[PDB]
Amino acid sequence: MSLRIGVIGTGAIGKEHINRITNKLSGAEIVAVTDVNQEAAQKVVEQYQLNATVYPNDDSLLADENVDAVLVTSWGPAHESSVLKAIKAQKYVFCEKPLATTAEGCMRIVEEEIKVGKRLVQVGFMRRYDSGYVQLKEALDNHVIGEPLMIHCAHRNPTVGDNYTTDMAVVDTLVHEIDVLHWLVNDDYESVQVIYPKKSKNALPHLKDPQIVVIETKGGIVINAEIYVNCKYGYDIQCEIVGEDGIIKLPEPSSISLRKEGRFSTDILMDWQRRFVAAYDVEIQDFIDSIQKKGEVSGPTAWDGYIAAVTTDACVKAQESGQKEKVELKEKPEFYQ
């Protein structure tokens, strides 16, 4: 008897999920969708031969009782609203970043969940399910390299749309690191600070590319995170964790080596879609399996999403001040941990 899932946001990424759940994963089906382009959602449903209802809005869909869990995978700002609803409707919710565009927005969502007694919110920070990132977790948890001291890492795009704005860097993009980093080291972010290098020819003038973001944790770990979205050569995520006694570092994507025309190369991906495809599959399957066999979700908590929002805040603050902004994080509710 499978888990019945409603998808709010029949967009590109919601479509990818509907697809994996329908044709790749196990133990769940899509019985309900609503888009804001109601027609788009109706086209999706035929596209993937679903047996699902098409609601005009989230309320209508959250109403429905043959649906016990929802994907919030719509336009970013409309997330918060949909989530709080689903929490009160006492259905399970998986929410693609952002959790809520604003920190307080996130906060409201936390408070709701602490009421409804259990863990219904999982945030879609898939990096935690990537095999490389997991091996990193595993190593640290094993003390392999002793006390973590600094972290060097980079997040690079070949290019971006004209739509890409100097803040999206720390908002849309650096957000995954912001989650995964503290996840790994199990520390909280004390301060952030931003430094702008010589703007790049491959970037449009209304955009500050690259950027560097230094971040300190409570413990004393220092992170420098390159973000460069017009690097032209490829899409490439890099993370090296220097420890007291050793260094561990994230792998490249698997690739066949080539010897030709003077060079000994491996392949670099050009399409962010490819880098994490398996992390998504694992992430979602975990939502499912986790629910059916535990009555609560498991991955990145509602809290973890708040931590993101605050920190993104401190970042855009530092973006404008070029000054060492503080990151004021609220009490971590006993509820969590």
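One-based numbering along the sequence shown.
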So 264-272 or 34-42, which one's hotter by mean CA B-factor in the entry?
34-42
Going by the mean C-alpha B-factor recorded in the entry, which is higher: 240-248 or 98-106?
98-106
By the entry's C-alpha temperature factors, tell me which of 229, 121, 214, 153 sits highest.
121
Which third of the chain does residue 316 land in by C-alpha B-factor: lowest, middle or highest?
highest
Taking the entry's C-alpha B-factors for this chain, is residue 173 in the lowest, middle or highest third?
lowest
Is residue 203 in the lowest, middle or highest third of its chain when residues are ranked by C-alpha B-factor?
middle
C-alpha B factor of residue 76, ranked within the chain: lowest, middle or highest third?
middle
So where's residue 157 on the chain's Cα temperature factor ranking, which third?
lowest
